[PDB]
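Novice: Protein chains in written order, with the working numbering: chain W, 1 to 214; chain R, 1001 to 1220.
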């Protein structure tokens, strides 16, 4: 199996600027390579066929080059609607393999996340459930590390994380982290901490609370 | 006007298989081979195999050995995707065809068919109000409230704040599996406006015909 590698899951760019996504085939697939673009909830769109040919209807801003083992997709001047996923794919020898994709994102001013932590509601506790929710909103860059601490020790079991793609309006990211325990275990601990590590502060952002303590 | 119409999404149980459909149109169906591609959130796009309606039958990807034995049928110009075992096969499946004669690149794609494998049955969500500890209203000029929705199936649920009148400063996150889809939403307003001016999350779950409007109140 040939392996298409797109070393950059994400690439920061700006509207009106030039950007180049790279692809590296594990083997010489000659010129049998295609580039696709994909927007959320839609199917891929062919942009480049046979290494460096624009498919019909594909605007002059899109270009591709390479032939052999290294290929590169380029956008002369990025437009708002170009901030999507671009996939690499070799069709030299079966099985056809796709690269892992590269998502172009808008670069903006650094923004610290606003962190909020929430204890389990009384209604959930009555059902025998205990979820501690932590919101980390409107931050940039997307690079962030969320850790949960229970009575001091880090907890990794029972954590479910969810996040939104870059906002189309303020170019930030947001995330939700939920620690879900049973009421039994929740009531056997006292200290619950949500800890956010982001480049915007030397010290990680920390939010906590003590069971039964205001 | 080449067009590939895929089938609506389906929710098979962790055990059986499902035959997907793709209705080609706008071109002589038998002149091009049909391809199928899989797309999971963590593994990206993976080619499954092709089929010649003129009949050259198939050729599958090593990885999709017998779990994917394609099939087609002329006189209707539709291609089918069997899906055998099914359990980790939860994802979106695409129907793909090439453009020019000499380039295996896929110029034409179907809208995709979502497939979710789960043993769970339709289940209404529990909705839990998230308010800052000890009521109050934070310690700054802004306060964040929340709504936790969990234990439901299948997707989706719609969530709004104050019947939609509260839309700014809202963050509603993608639901994550776990037996009963669970998702949450946060809303951030001016500290002095809550609990002065009530805030309620409205959660609706079509599948169960259920709705829950949970008001967020100070708590101890």
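Don't be surprised by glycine CBs; every beta carbon is placed ideally from N, CA and C.
Between which two residues does the beta strand (DSSP E) harbouring residue 147(W) extend?
Specialist: 145 to 150
Novice: Indicate whether at least one CB of chain R lies closer than 9 Å to the CB of residue 45(W).
Specialist: yes
Novice: Only counting the same chain, and skipping five residues up and downstream in sequence, which positions put a Cβ closer than 6 Å to that of residue 1137(R)?
Specialist: In its chain, beyond the 5 residues on either side, 1143, 1191, 1194 have a beta carbon closer than 6 Å to the beta carbon of residue 1137(R).
Novice: Measure the Cβ-Cβ separation of residue 174(W) and residue 107(W) and say whether it is below 9 Å.
Specialist: no
Novice: Starting from the C-beta of residue 171(W), find all residues in its chain whose C-beta is less than 7 Å away, skip the five residues before and the five after it, and write them out in chain order.
Specialist: Only 106, 108, 140 meet the Cβ criterion.
Novice: Just how far apart, CA to CA, sit residue 84(W) and residue 73(W)?
Specialist: About 13 Å.
Novice: List, in chain order, every chain R residue whose beta-carbon is nearer than 7 Å to that of residue 91(W).
Specialist: Residues of chain R with a Cβ closer than 7 Å to the Cβ of residue 91(W) are, in chain order, 1104, 1105.
Novice: Within the 9 Å Cβ cut-off, does residue 222(W) reach chain R?
Specialist: Any question about residue 222(W) goes unanswered here, given that chain W covers just 1 to 214.
Novice: Just to confirm my understanding: we take residue 203(W), look at its own chain, exclude 5 residues before and 5 after, and list those with CB closer than 8 Å. What are they?
Specialist: none
Novice: Please report the straight-line C-alpha distance between residue 1096(R) and residue 1140(R), rounded to a whole angstrom.
Specialist: 53 Å
Novice: Which residue marks the beginning of the beta strand (DSSP E) containing residue 38(W), and which one marks its end?
Specialist: Run containing residue 38(W): 33 to 38, per the beta strand (DSSP E) assignment.
Novice: Closest by CA to residue 1122(R), which one among 1047(R), 1103(R), 1154(R), 1160(R)?
Specialist: 1154(R)
Novice: Taking the alpha-carbon positions, what's the residue 38(W) to residue 79(W) distance?
Specialist: If you take the alpha carbons of residue 38(W) and residue 79(W), they lie about 15 Å apart.
Novice: Would residue 160(W) count as contacting chain R if we go by Cβ distances under 9 Å?
Specialist: Judged by the 9 Å Cβ criterion, residue 160(W) is in contact with chain R.
Novice: Spell out whether any CB of chain W is found under 9 Å from the CB atom of residue 1197(R).
Specialist: no
Novice: Could you run through the segment 143 to 170 of chain W and flag, in chain order, every residue whose CB is less than 7 Å away from some CB of chain R?
Specialist: 160, 162, 163, 164
Novice: Counting Cβ pairs, one atom from each stretch, are 3 or more of them under 8 Å apart for the segment 1001 to 1020 of chain R and the segment 1100 to 1118 of chain R?
Specialist: Contact holds: three or more Cβ-Cβ distances are below 8 Å.
Novice: Determine the direct distance from the alpha carbon of residue 183(W) to that of residue 123(W), and round the result to whole angstroms.
Specialist: 11 Å
Novice: Please classify residue 195(W): is it buried, with 16 or more other beta-carbons within 10 angstroms of its beta-carbon, or exposed?
Specialist: buried
Novice: At a CB-CB cut-off below 7 Å, which residues of chain R make contact with residue 101(W)?
Specialist: Those are 1044, listed as they occur along chain R.
Novice: How about residue 1031(R): is its C-beta nearer than 9 Å to some C-beta of chain W?
Specialist: no
Novice: Compare the C-beta of residue 140(W) against all C-beta atoms of chain R and say whether one is closer than 9 Å.
Specialist: no
Novice: Are the Cβ atoms of residue 1206(R) and residue 1174(R) separated by less than 9 Å?
Specialist: Judged by their CB atoms, residue 1206(R) and residue 1174(R) are not nearer to each other than the 9 Å cut-off.
Novice: With a cut-off of 9 Å, does the C-beta of residue 1164(R) fall near any C-beta of chain W?
Specialist: no
Novice: Compare the Cα-Cα distances from residue 1166(R) to each of 1003(R), 1201(R), 1177(R) and report the closest residue.
Specialist: 1201(R)
Novice: Which one or two residues does DSSP pair with residue 1129(R) in a beta bridge?
Specialist: Bridge partners of residue 1129(R): 1147(R).
Novice: Report buried or exposed for residue 9(W), applying the criterion of at least 16 other Cβ atoms within 10 angstroms of its Cβ.
Specialist: exposed
Novice: Taking all protein chains shown into account, decide if residue 129(W) is buried (16 or more other Cβ within 10 angstroms of its Cβ) or exposed.
Specialist: buried
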